[PDB]
Structure formats: structure tokens, C-alpha cells
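Accompanying notes for the structure given below.
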There are 2 protein chains.
Amino acid sequence: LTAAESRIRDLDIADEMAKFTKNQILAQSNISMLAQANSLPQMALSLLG
Amino acid sequence: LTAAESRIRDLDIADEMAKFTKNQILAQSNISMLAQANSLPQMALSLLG
């Protein structure tokens, strides 16, 4: 029964590590794209004016 | 809805600037022709006698 109960304890650490790594990689791309999105259009329009 | 609402806020700046430039160009022609029209009548007649 202690073998049976210790089957919902935690995931095999590898997959949780993989999820952490993938999300951490994706966050920085989000941040960079947000920066460029803030930068572009208003500067372009001010150049037009 | 914030994308939908901000479609009746303002036009593009390009056509507004085009309107501004066209009106400014036409106004000076009006002014010069008004000056010539005022100069025309009496000066050409004053030598009637």
C-alpha cells in the first residue's frame, strides 16, 4: 500500500524540467516581441508627420 | 471591443496632411489673384482723361 500511494507523489522530474525549460525559453521571445511592437508604429507615424 | 471602438476615433494622418497642403497651396493663389483684381480697375481707367 505504501508502494501504491507513492504513485501520485510527483512526476518523473525530467518532464517537469522540460516544461520549465520550454516556458522559460518562450517568455523571453514574448518580451522581445513586445518591445519591438511598442517601438515600431508610433515612431513610423512620427516620421511620416 | 477596444479594437472595434477605435475605428471611429480619427482617420489616417496621410490624407489629413494632404488636405492641409492642398488648401495651403490654393489659398495663396486666391490671395494673389485678389490683389491683382483690386489693382486692375481704377489704375487702367485713370488715364481716360
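In the C-alpha cells, the first chain shown is A, the next is B, and so on; residue numbers restart at 1 for each chain, and ligands run from 1 in the order shown.
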task = Within 12 Å of chain B, which residues of chain A are there when counting only C-alpha atoms? Please give them as a list in words.
result = residues 42, 44, 45, 46, 47, 48 and 49 of chain A
Which of chain B end up as helix (DSSP H, G or I) when DSSP is run on this backbone - answer as a PDB file with C-alpha atoms, in the first residue's frame?
ATOM      1  CA  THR B   2     -11.361  48.128 -27.781  1.00  0.00           C
ATOM      2  CA  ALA B   3     -10.173  47.298 -31.296  1.00  0.00           C
ATOM      3  CA  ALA B   4     -13.697  47.817 -32.655  1.00  0.00           C
ATOM      4  CA  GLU B   5     -14.267  51.121 -30.843  1.00  0.00           C
ATOM      5  CA  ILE B  13      -2.657  61.275 -40.833  1.00  0.00           C
ATOM      6  CA  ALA B  14      -1.662  60.980 -44.505  1.00  0.00           C
ATOM      7  CA  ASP B  15      -4.904  62.190 -46.091  1.00  0.00           C
ATOM      8  CA  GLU B  16      -5.288  64.896 -43.436  1.00  0.00           C
ATOM      9  CA  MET B  17      -1.822  66.231 -44.288  1.00  0.00           C
ATOM     10  CA  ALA B  18      -2.701  66.025 -47.987  1.00  0.00           C
ATOM     11  CA  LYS B  19      -5.824  68.123 -47.375  1.00  0.00           C
ATOM     12  CA  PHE B  20      -3.802  70.631 -45.345  1.00  0.00           C
ATOM     13  CA  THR B  21      -1.129  71.009 -48.030  1.00  0.00           C
ATOM     14  CA  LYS B  22      -3.667  71.325 -50.857  1.00  0.00           C
ATOM     15  CA  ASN B  23      -5.655  74.012 -49.030  1.00  0.00           C
ATOM     16  CA  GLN B  24      -2.485  75.934 -48.158  1.00  0.00           C
ATOM     17  CA  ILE B  25      -1.394  75.826 -51.809  1.00  0.00           C
ATOM     18  CA  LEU B  26      -4.769  77.086 -53.058  1.00  0.00           C
ATOM     19  CA  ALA B  27      -5.103  79.924 -50.518  1.00  0.00           C
ATOM     20  CA  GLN B  28      -2.054  81.851 -51.761  1.00  0.00           C
ATOM     21  CA  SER B  29      -3.296  81.727 -55.356  1.00  0.00           C
ATOM     22  CA  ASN B  30      -6.582  83.189 -54.126  1.00  0.00           C
ATOM     23  CA  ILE B  31      -4.729  85.971 -52.292  1.00  0.00           C
ATOM     24  CA  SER B  32      -2.547  86.899 -55.271  1.00  0.00           C
ATOM     25  CA  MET B  33      -5.487  86.953 -57.682  1.00  0.00           C
ATOM     26  CA  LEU B  34      -7.467  89.117 -55.257  1.00  0.00           C
ATOM     27  CA  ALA B  35      -4.556  91.564 -55.151  1.00  0.00           C
ATOM     28  CA  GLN B  36      -4.388  91.702 -58.951  1.00  0.00           C
ATOM     29  CA  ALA B  37      -8.168  92.123 -59.197  1.00  0.00           C
ATOM     30  CA  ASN B  38      -8.055  95.072 -56.802  1.00  0.00           C
ATOM     31  CA  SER B  39      -5.166  96.617 -58.737  1.00  0.00           C
ATOM     32  CA  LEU B  40      -6.936  96.233 -62.092  1.00  0.00           C
ATOM     33  CA  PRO B  41      -9.970  98.561 -62.378  1.00  0.00           C
ATOM     34  CA  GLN B  42      -9.136 102.145 -61.452  1.00  0.00           C
ATOM     35  CA  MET B  43      -5.475 102.326 -62.485  1.00  0.00           C
ATOM     36  CA  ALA B  44      -6.233 101.339 -66.089  1.00  0.00           C
ATOM     37  CA  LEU B  45      -9.115 103.852 -66.236  1.00  0.00           C
TER      38      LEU B  45
END
